[PDB]
Amino acid sequence: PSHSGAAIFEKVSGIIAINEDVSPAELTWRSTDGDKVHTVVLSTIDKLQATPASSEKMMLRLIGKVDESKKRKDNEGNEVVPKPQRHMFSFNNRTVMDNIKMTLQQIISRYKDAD
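Residue 1 is where the sequence shown starts when you use the deposited numbering, and the numbers rise one by one after that.
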């Protein structure tokens, strides 16, 4: 279960799954309740940031590039004004965050192959 692991998003915890069967791939997030499901685009991730090993708080932040006038906006608080969107996640498990972090990094490398 390296591609899928529990992760928090917006003070809410749920299971995070990595969907690569599509194109571009996407990271799915299902709440613990299973009533709310969030999907993230891995193609719009210029990079992947994570908390240091010296921080008891496990959180992985993803940079949603800067310019996205051509890319469809999430519509969830995004305005016409071009601005960089970042998604900060909170992990309740070091091993779980490490399983996703390393897995998410692989996807990046895959995007580089394209160009």
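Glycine included, every Cβ here is placed at the ideal spot set by N, Cα and C.
Asked                                                                                              : Found
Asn-99 - containing alpha helix (DSSP H), residue span                                             : 94-114
Residue range of the beta strand (DSSP E) that includes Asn-19                                     : 13-19
Pick from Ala-53, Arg-94, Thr-32 and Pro-24 that is closest to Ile-16, judged by C-alpha positions : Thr-32
Closest Cα partner of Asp-35 within the set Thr-51, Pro-24, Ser-13 and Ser-55                      : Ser-13
Segment contact, 8 Å Cβ cut-off, at least three pairs: the region 71-87 with the region 96-104     : no
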